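These notes are about the structure you will find just below.
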Amino acid sequence: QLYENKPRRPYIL
Amino acid sequence: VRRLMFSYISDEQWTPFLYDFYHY
């Protein structure tokens, strides 16, 4: 289904 | 100083280095 599951490293927002 | 990163994400690999916020 429509879910934004992408692999992300620890970047501080 | 901290690396402010949100819209333009200038980073190399995806790997989860430390268990803080973004850890996939």
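Residue names in the structure tokens use chain letters A, B, ... in the order shown, residue numbers from 1 in each chain, and ligand numbers from 1 in the order shown.
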What's around residue B:5 at 10 Å? Count only C-alpha atoms, leave out sequence neighbours fewer than 4 positions away in its own chain, and write the answer as a ChimeraX atom specification. /A:10-13 /B:9-11
Taking only C-alpha atoms into account, find every residue of chain B that has an atom no more than 6 Å from chain A, and write it out as number ranges by chain. B: 4-6, 14-16, 22-24
Could you save those same residues with N, CA and C atoms as a short mmCIF file (atom, residue, chain, number, x, y, z; two decimals), in the first residue's frame?
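Wrote it out as again.cif, contents follow:
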```
data_model
loop_
_atom_site.label_atom_id
_atom_site.label_comp_id
_atom_site.auth_asym_id
_atom_site.auth_seq_id
_atom_site.Cartn_x
_atom_site.Cartn_y
_atom_site.Cartn_z
N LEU B 4 22.50 20.45 11.01
CA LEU B 4 21.05 20.69 10.77
C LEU B 4 20.62 20.10 9.39
N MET B 5 19.86 18.99 9.41
CA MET B 5 19.59 18.18 8.20
C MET B 5 18.09 17.77 8.17
N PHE B 6 17.35 18.20 7.14
CA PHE B 6 15.88 17.96 7.04
C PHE B 6 15.39 17.97 5.56
N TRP B 14 23.08 4.76 3.90
CA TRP B 14 21.86 4.59 4.75
C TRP B 14 22.01 3.95 6.17
N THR B 15 23.17 3.34 6.53
CA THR B 15 23.29 2.41 7.68
C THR B 15 22.97 3.05 9.08
N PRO B 16 22.27 2.38 10.04
CA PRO B 16 21.95 2.96 11.37
C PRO B 16 23.15 2.91 12.37
N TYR B 22 16.55 8.82 13.56
CA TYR B 22 16.45 8.11 12.26
C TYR B 22 17.39 6.87 12.25
N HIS B 23 16.82 5.69 12.56
CA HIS B 23 17.59 4.41 12.65
C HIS B 23 16.79 3.30 11.92
N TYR B 24 17.14 3.05 10.64
CA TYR B 24 16.43 2.07 9.78
C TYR B 24 17.46 1.01 9.34
#
```
